[PDB]
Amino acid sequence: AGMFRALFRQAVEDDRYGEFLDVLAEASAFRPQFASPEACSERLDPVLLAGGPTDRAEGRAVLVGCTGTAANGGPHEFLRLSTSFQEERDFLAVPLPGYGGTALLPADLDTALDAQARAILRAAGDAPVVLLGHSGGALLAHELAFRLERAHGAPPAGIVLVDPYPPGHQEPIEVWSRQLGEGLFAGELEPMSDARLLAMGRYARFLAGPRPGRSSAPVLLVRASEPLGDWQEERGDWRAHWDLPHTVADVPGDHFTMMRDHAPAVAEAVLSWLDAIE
């Protein structure tokens, strides 16, 4: 119903997705923000979408889902996936500050990361943590991992990057900008208000900036095996990418479906990798 949503839907139809994201990023600068993690206007209390075994709880790594940037998204993007972890691993999902307008936006990415970090650290206690993220959420998972390591002196035991397209390897995202945009108008996990579209724009901007910090935690790179649209392989690889991953796993489905009807395949790869890492 909001004007930003109408403008955006029109932009996607006109193949100007990227161009409009810049507008959202520019517009978000006028939204009230929180400059310190304490000022965050929301309880980032991680939701335990899945509970692990009751017998062995000492030392086993817990999974923490890092909510992505989708304006129509939320922590439940991990619901389907978490199913496979019931009785296997504790699966927590942490909201992304500034979403679900009365929610203050983070002044910068680091502030949002510290807010999540504190919520995660208290929720995990002394159990090893393995961050997991999808698409934009994958980039955030890594950024958060490095933040925990460098700024909080608490590095996660590992990072699960599901279909990440980091700076320098985003030609596919550009070529498939339309299907990605249309993906934001399919359904919604939370009402996709103009406020949320602004949050997404701000985070898209944050994630485009230079972030030299590289986490020392091992990485499991999970990749979709079905292309989202036509690609012409002469351009190079359309698949997700990450430097020096510890393990790589190709799964059924495309960028979206890999986390839906094919989520069990992702969970399987993650469960095998966790056993290998521990």
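Counting begins at 1, following the sequence as shown. Whichever C-alpha set is largest while still superposing within 1.5 Å between the two forms counts as the rigid core.
Following superposition on the rigid core, is the mean squared CA displacement, expressed as RMS, greater for 71-79 or for 192-200 in 5 other deposited structures of this protein?
Stretch with the larger root mean square C-alpha distance in 5 other deposited structures of this protein: 71-79.
Quick one: with the core lined up, is it 47-55 or 216-224 that wanders further in 5 other deposited structures of this protein, going by C-alpha RMS?
Farther on average in 5 other deposited structures of this protein: 47-55.
According to the entry, are there none, 1 to 3, 4 to 9, or 10 or more residues of the deposited sequence without coordinates between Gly100 and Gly101?
4 to 9 residues lack coordinates between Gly100 and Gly101.
When the C-alpha temperature factors are averaged for each of 260-268 and 15-23, which stretch ends up with the higher value in the entry?
Higher mean C-alpha B-factor: 15-23.
191-199 versus 141-149: which one carries the higher mean Cα B factor per the record?
Comparing 141-149 with 191-199, the higher mean C-alpha B-factor belongs to 191-199.
Can you tell me which of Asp163, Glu77, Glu171, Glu87 has the highest Cα temperature factor in the record?
Highest C-alpha B-factor among the listed residues goes to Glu87.
Please pick out which of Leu109, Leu105, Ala123, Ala115 has the largest Cα B-factor as recorded in the entry.
By C-alpha B-factor in the record, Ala123 ranks first.
Please say which third, lowest, middle or highest, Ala186 falls into when its CA temperature factor is compared across its chain.
Its C-alpha B-factor, which the entry lists for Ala186, ranks in the highest third among residues of this chain.
Could you place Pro95 in the lowest, middle or highest third of its chain by Cα temperature factor, using the values in the record?
Its C-alpha B-factor belongs to the lowest third of this chain's values.
Based on the deposited C-alpha B factors for this chain, I'd like to know if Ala204 is in the lowest, middle or highest third.
Its C-alpha B-factor, which the entry lists for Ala204, ranks in the lowest third among residues of this chain.
Among the modelled residues of this chain, does the Cα B factor of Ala127 put it in the lowest, middle or highest third?
For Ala127, whose C-alpha B-factor we compare with every modelled residue in the chain, the answer is the highest third.
Using the B-factors in the PDB entry, rank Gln232's C-alpha atom against the chain and give the third, lowest, middle or highest.
As the PDB entry reports it, the C-alpha B-factor of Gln232 lands in the highest third of its chain.
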